[PDB]
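Here the Cβ is made from the backbone with ideal geometry for all residues, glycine too, and neighbour counts use every protein chain on show. Computed from the coordinates by the stated procedures, all read-outs in this text should not be read as laboratory data.
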Amino acid sequence: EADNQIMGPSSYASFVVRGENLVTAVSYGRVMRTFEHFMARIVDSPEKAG
Amino acid sequence: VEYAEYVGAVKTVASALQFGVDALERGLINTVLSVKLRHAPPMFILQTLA
């Protein structure tokens with residue numbers, strides 16, 4: 001083998017229902033992943049397309 | 001999301017205990033009113049007896 005070991009992650013990339021998704025979990029029952037990135041895309045400058 | 005359910009679970013038991021102690025100050029007044037209503041001979045007897 002060219003290499004004997006690979007460089008991988010050490011822990012699970014966690015995801016918790018934080019303060020913005022708790023309101024829609026308790027209120028609607030629809031959580032999204034990375035609510036802060038939806039807010040960064042359509043609230044804070046929606047004119048900047050990714 | 002489990003602390004947000006534990007909050008509702010302490011609200012339920014608190015509003016059941018407060019229901020049970022509201023229904024006893026509502027039952028004490030009912031007992032007082034229904035024991036005033038048993039030692040109350042009517043007007044057409046006490047207007048002559050007194």
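Quick check: anything in segment A:30-38 in contact with a helix residue (DSSP H, G or I) (Cβ under 7 Å, 6 or more places away or on another chain), within 18 Å of B:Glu5 (Cβ to Cβ) and charged (D, E, K, R)? Yes, the conditions are met somewhere in segment A:30-38.
If you go through segment A:30-50 and keep only what is over 17 Å from A:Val16 (Cβ atoms) and assigned to a loop (DSSP other than H, G, I, E, B), you end up with A:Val43, A:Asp44, A:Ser45, A:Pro46, A:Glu47, A:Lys48, A:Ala49, A:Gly50. Of the numbered criteria (1) among the β-branched types (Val, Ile, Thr); (2) more than 14 Å from chain B (Cβ to nearest Cβ); (3) surrounded by 10 or more Cβ atoms within 10 Å (Cβ to Cβ), the one A:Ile6 fails is (3).
Give the number of residues within chain B that are more than 30 Å from A:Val16 (Cβ to Cβ), assigned to a helix (DSSP H, G or I) and among the small types (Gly, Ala, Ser). Selection size over chain B: 5.
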